[PDB]
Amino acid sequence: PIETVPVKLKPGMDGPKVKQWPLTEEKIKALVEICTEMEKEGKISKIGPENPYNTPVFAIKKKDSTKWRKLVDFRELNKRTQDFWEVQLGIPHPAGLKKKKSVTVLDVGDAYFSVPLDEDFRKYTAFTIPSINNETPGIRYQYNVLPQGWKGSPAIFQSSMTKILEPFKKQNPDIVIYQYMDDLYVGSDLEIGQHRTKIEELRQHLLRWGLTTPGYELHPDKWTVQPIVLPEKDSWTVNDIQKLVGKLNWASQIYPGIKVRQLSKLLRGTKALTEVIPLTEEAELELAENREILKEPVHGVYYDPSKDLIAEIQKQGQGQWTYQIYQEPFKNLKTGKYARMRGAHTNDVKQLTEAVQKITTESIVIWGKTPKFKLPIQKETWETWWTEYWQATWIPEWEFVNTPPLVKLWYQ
């Protein structure tokens, strides 16, 4: 019935070949059933070892969901389709979405199942379901329709999407609507009732057009930034002043107006760490002038659409986690802190997973991009546990760092 939009790989790039990782029984069961029904419906179909390509697959449950969802880690595929979705059929990003009083996220991925996929492309959607204890060899499939979580999918379906939306846009001129992958982000300044109401409306529109919504609520105008603060103490020790100076020293990599000289003077001699020393007038002055500079905005920091977002996360203890999103070192587009997330005081990995998802979400609402993460964890630790906590339908890029804290710059 439909005509398939052809698709090619980025110039000179082979398809994905990524080994499937072990899955828990609950997950393998959910996948075997999901996939069975999808085959009955022609959405995927079985293939064989002739196809050299493979992408990892697993299952998740969205927050509060209780229903298994299939998730493909298409990160490699997407990196290899990148020009198609960025350059050609891609999506303009509304700078007002971050300003809306409320933004709801809806799963529209089902819709992508309508459209056929270019026949010559499918060989690249290959995935293998594994078996407990290697009883059976891998059951290999490939997608016959637009796969959920592929970047090409929301591109190819864009015309159809706006087609379905145009009534609602005319009806409500002010509501903002963004599409990122399997998700639709809907913002408004209406009070909560009006809001949820109108989202139900949009649900109906999607339903009569051939799609279903099995969304999260966000409040961006409430999103906070985490400034660099200096302590206020009534009396200072040599140690206090040493910590202060090392902090101000690190800070000057960011605000160059910071000065350590009057303060370093108090550290002139070889003194006991716990020894109290009073602040000179010049030191008091330099200090307050410094506290002022740290109120000011950093200079010459603006988002550049052609550059990747990098996100760094630090574990502050006691359930606190600080992060910074940046493109160039020391020019931070955003800084934040999270406390008391699920897993607080009990599970570091769960908290980190939560933090990665929150940060990525803000990145989508703000710049319409996901950041590359620098994760304070051992590769094997993260890799063993992360999919247990993953509640989201996208997967960001990441690398692993080990960065002891000589200074705590980002949290008092």
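Residue numbers run from 1 along the displayed sequence. Take the two forms, superpose them, and find the largest set of C-alpha atoms that agree within 1.5 Å; that set is the rigid core.
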Between 399-407 and 20-28, the one whose CA atoms sit farther away in 6 other deposited structures of this protein (rigid core aligned): 399-407
Comparing C-alpha positions in 6 other deposited structures of this protein against this form, with the rigid core used for the fit, which stretch differs more, 126-134 or 98-106? 126-134
Deposited but uncoordinated residues in the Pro214/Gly215 interval: 10 or more
For the C-alpha atoms alone, is the average B factor greater in 394-402 or in 8-16, going by the entry? 8-16
244-252 versus 170-178 - which carries the larger mean C-alpha B factor in the record: 170-178
Highest Cα B-factor in the PDB entry belongs to which of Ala339, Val238, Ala311, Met161? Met161
Going by the entry, which of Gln318, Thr335, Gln148, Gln82 has the most elevated CA B factor? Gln82
Entry-reported Cα temperature factor of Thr322, expressed as the chain third it lands in: lowest
If you rank every modelled residue in this chain by C-alpha B factor, which third holds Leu218: lowest, middle or highest? middle
Looking at the C-alpha B-factor of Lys307, is it in the lowest, middle or highest third of its chain? lowest
Relative to the other modelled residues of the same chain, rank the CA B-factor of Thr224 and answer lowest, middle or highest third. highest
On the chain's distribution of Cα B-factors, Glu50 falls within the third called highest
